[PDB]
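*Asks:* Start counting the sequence shown at 6; every next residue gets the next number (mature numbering (1 follows the signal peptide of the UniProt record, and there is no 0)). By construction, the Cβ of each residue, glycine as well, lies at the ideal position given by its N, Cα and C atoms.
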Amino acid sequence: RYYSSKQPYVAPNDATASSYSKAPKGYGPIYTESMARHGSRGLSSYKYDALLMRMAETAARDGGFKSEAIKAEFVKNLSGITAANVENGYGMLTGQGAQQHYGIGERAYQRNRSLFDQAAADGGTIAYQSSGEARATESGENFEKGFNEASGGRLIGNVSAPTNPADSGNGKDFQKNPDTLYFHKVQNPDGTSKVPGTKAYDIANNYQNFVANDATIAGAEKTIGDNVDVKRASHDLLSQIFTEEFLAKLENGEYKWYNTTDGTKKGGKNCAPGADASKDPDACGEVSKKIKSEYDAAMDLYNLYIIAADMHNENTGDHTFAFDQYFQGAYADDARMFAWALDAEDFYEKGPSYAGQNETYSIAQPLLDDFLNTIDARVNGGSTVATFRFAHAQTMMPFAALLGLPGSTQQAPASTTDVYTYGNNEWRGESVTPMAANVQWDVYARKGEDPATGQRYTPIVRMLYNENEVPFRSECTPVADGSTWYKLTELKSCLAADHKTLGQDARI
Ligand SMILES: [Zn+2]
Ligand SMILES: [Zn+2]
Ligand SMILES: [Zn+2]
Ligand SMILES: [Zn+2]
Ligand SMILES: [Zn+2]
Ligand SMILES: [Zn+2]
Ligand SMILES: [Zn+2]
Ligand SMILES: [Zn+2]
Numbered sequence: 006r007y008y009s010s011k012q013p014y015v016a017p018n019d020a021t022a023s024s025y026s027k028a029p030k031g032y033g034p035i036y037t038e039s040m041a042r043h044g045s046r047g048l049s050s051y052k053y054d055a056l057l058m059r060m061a062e063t064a065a066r067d068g069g070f071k072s073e074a075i076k077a078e079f080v081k082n083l084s085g086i087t088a089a090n091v092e093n094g095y096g097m098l099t100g101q102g103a104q105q106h107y108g109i110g111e112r113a114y115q116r117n118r119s120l121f122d123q124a125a126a127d128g129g130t131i132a133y134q135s136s137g138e139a140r141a142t143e144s145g146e147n148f149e150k151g152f153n154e155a156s157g158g159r160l161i162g163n164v165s166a167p168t169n170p171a172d173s174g175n176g177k178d179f180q181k182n183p184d185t186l187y188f189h190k191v192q193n194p195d196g197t198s199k200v201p202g203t204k205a206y207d208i209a210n211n212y213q214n215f216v217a218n219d220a221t222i223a224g225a226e227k228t229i230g231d232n233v234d235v236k237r238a239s240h241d242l243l244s245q246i247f248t249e250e251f252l253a254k255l256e257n258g259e260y261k262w263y264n265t266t267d268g269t270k271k272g273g274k275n276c277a278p279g280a281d282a283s284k285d286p287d288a289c290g291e292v293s294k295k296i297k298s299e300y301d302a303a304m305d306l307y308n309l310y311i312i313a314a315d316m317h318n319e320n321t322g323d324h325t326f327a328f329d330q331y332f333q334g335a336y337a338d339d340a341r342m343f344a345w346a347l348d349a350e351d352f353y354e355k356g357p358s359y360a361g362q363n364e365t366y367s368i369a370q371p372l373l374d375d376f377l378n379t380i381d382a383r384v385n386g387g388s389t390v391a392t393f394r395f396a397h398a399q400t401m402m403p404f405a406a407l408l409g410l411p412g413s414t415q416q417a418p419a420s421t422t423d424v425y426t427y428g429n430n431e432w433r434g435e436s437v438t439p440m441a442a443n444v445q446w447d448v449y450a451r452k453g454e455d456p457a458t459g460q461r462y463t464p465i466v467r468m469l470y471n472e473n474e475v476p477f478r479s480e481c482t483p484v485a486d487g488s489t490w491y492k493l494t495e496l497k498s499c500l501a502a503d504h505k506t507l508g509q510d511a512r513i
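Okay, here's the thing in structure tokens:
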């Protein structure tokens, strides 16, 4: 199906959910924490559907459709996705995204039932955090509802009161934290901006200046944007809808559509039929966006295809859409090309990118720092037993590369021509950062002191990635052979830039 990073979240089956490894004897839960991307969402703005509608109107005028039925089908799919996004709101969570996080929060309580029941009895607290963006906060409140209905409401009174709540209403429980959940941009989702001179400002500012001005990234994206296999996929994909004469004139630069009311450059702001720009600002497109090639049209249609997978629940009633009919059979191979072009932009800008640099993923260091600092606060006598964070793909992708999670361990060649491809790299948007992708840490501890050292026993940590138990990077030594539990001291050592292990001292 090739949904790239619009892949809907696949929950663990009852076999996976009940086979998480048990901690070594004597250790019990003291803390858990998570970072999750927001769930499935609609279109970010009136763009892909708007531009293709302009192209469809031209092809209607010029007789460029292959048939009347094909054209009526094309127009009705476009009007359907646009109506669905207008009713749901552009850029907002869909019902599928709410269900994804509801289930994730349900299972989060079930996996640490002993910890949370004890916290309910003993005055422990739960911390909810968000980037500030509506999508992340709303995914959070659905997670929290699943958490509470799984626990029968016994933890509702145990929520830490934020000092900067996401909103006055249902997001009243969520602390805004753009320094660990939005570290990639100077401007924050809530309209504030990072403060010049602070480290969070420097991290976001340096990153944006790097990606904007790096020559290898731009050279590679230009190489992939002119790849002949992508161009042939574009033509064949559009060849099901438009006539070869229409496509020949588009490939010869005789056509061009801007995201305006008439398609021309001199048009004004284009807004989605039935939407209010004061309620729905994103329901109105940026006029600079255009379709100049077969590649643009094809990619816009592919984006409708993958977002339609996200809007499953909204696809009933009078205005339904069926974009998957354009990607059946051997056209699935064409979808593979478009998925690679989409993945490539993410790989080079937010993932491991090319070898010889760490600027694209070192921006995730504040979030890894907070992962370790909240553990430290808990072992040092704090009462927060859980921290649940909700952010974006722009948060998870560098975080996965920074830790070296499966799929984010291979950088592309330092070259503008020998570029990242599906043939030479494991990275895939659908597995690295699906919708509602999440990373969870469980932290256990053993009571008493460790005789022959004046100290308490080190806590141990186990990691779930999209609710799959995974080991840490290979440079890290686990507490025993074949184990996925790691001492906290070891992870402090091996997750730093040196990637050095503590050796025998990492073992229980
Ligand atoms: Zn809440
Ligand atoms: Zn609440
Ligand atoms: Zn660029
Ligand atoms: Zn093909
Ligand atoms: Zn062509
Ligand atoms: Zn053809
Ligand atoms: Zn309707
Ligand atoms: Zn780019």
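1. So is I368 buried or exposed if we call it buried at 16+ other beta carbons inside 10 Å?
2. If we call anything under 8 Å between Cβ atoms a contact, is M60 one with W345?
3. Cβ of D172 versus every heavy atom of ligand 2: is any distance shorter than 7 Å?
4. According to DSSP, which residues form a beta bridge with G202?
5. Comparing alpha-carbon positions, which option in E495, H504, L469 lies nearest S24?
6. If you follow the beta strand (DSSP E) that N443 is part of, which residue opens it and which one closes it?
7. For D315, which of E435, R159, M40, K81 has the nearest alpha-carbon?
8. Using 10 angstroms around the beta-carbon of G508, count the other beta-carbons present and answer buried if the total reaches 16, otherwise exposed.
9. Nearest by alpha-carbon distance to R46: which of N443, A337, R467, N93 is it?
10. So which residues put a beta carbon under 7 Å from any heavy atom of ligand 8, going in chain order?
11. Helix, strand or coil for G487, going by three-state DSSP, please let me know.
12. Quick one: does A205 have its CB under 8 Å from some CB of chain D?
13. Kindly indicate which three-state DSSP category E38 falls into: helix, strand or coil?
14. Have a look at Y449, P403, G176, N210 and flag the residue whose alpha-carbon is nearest the alpha-carbon of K190.
15. Which residue or residues does DSSP assign as beta-bridge partners of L469?
16. Less than 8 Å separating the beta-carbons of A302 and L347?
17. Do the CB positions of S388 and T130 come within less than 8 Å of each other?
18. DSSP on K261, reduced to helix/strand/coil?
19. Looking at C-alpha atoms only, which residue of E250, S72, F328, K505 is the closest neighbour of residue 556?
20. Between the alpha carbons of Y114 and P34, how many angstroms are there, rounded?
21. For the putative contact between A139 and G44, defined by C-beta atoms under 8 Å, what is the C-beta separation to the nearest angstrom?
22. Count the other CB atoms within 10 Å of the CB of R467; is the residue buried (16 or more) or exposed (fewer)?
23. Output the boundary residues of the alpha helix (DSSP H) element that contains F79.
24. Do the stretch 234 to 243 and the stretch 362 to 380 touch if we need at least three Cβ pairs shorter than 8 Å?
25. Could you name the residues, in chain order, whose CB is less than 6 Å away from a heavy atom belonging to ligand 5?
26. Closer than 7 Å: is that where the CB of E149 sits relative to any heavy atom of ligand 2?
27. Return the residue from the list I86, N443, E354, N318 that minimises the CA-CA distance to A288.
28. In this structure, what does DSSP give as the bridge partners for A132?
29. What are the boundary residues of the alpha helix (DSSP H) that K181 is part of?
*Replies:* For this structure:
1. Around the beta-carbon of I368, 16 or more other beta-carbon atoms lie within 10 Å, marking it buried.
2. Contact: no.
3. Not so, every heavy atom of ligand 2 lies at least 7 Å from the Cβ.
4. Partner(s): none; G202 has no beta bridge.
5. When each option's Cα is compared against that of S24, the closest is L469.
6. Taken as a continuous stretch (DSSP letters only), the beta strand (DSSP E) holding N443 covers 443 to 451.
7. Of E435, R159, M40, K81, the residue nearest in Cα terms is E435.
8. Exposed: under 16 other Cβ atoms inside 10 Å.
9. For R46, the closest C-alpha among the options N443, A337, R467, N93 is that of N93.
10. Per the Cβ criterion, the list is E226, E350, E354.
11. It is coil, neither helix nor strand.
12. Within the model displayed, chain D is absent; a lone protein chain is all it includes.
13. Secondary structure at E38: strand, using DSSP grouped into helix, strand and coil.
14. Residue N210 is the option with its Cα nearest to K190.
15. For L469, which the question treats as bridged, DSSP gives the partners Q445, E474.
16. No. Outside cutoff.
17. Against a cut-off of 8 Å, the Cβ pair of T130 and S388 comes out as a contact.
18. If DSSP states are grouped into helix, strand and coil, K261 belongs with coil.
19. For the chain, the structure presents residues 6 to 513; residue 556 sits outside this window and is missing.
20. In this model, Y114 and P34 are separated by some 13 Å (Cα to Cα).
21. About 12 Å; that fails the 8 Å criterion.
22. Looking at its Cβ environment, which holds 16 or more other Cβ atoms inside 10 Å, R467 is buried.
23. For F79, the enclosing alpha helix (DSSP H) stretches over residues 73 to 93.
24. They do not touch, by the three-pair rule.
25. Ordered along the chain, the selected set is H240, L252, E256, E299.
26. Yes.
27. The shortest Cα separation from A288 among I86, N443, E354, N318 belongs to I86.
28. Partner residues in the beta bridge of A132, as assigned by DSSP, are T392.
29. Under the DSSP assignment, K181 falls outside any alpha helix (DSSP H), being part of the beta strand (DSSP E) whose first and last residues are 179 to 181.
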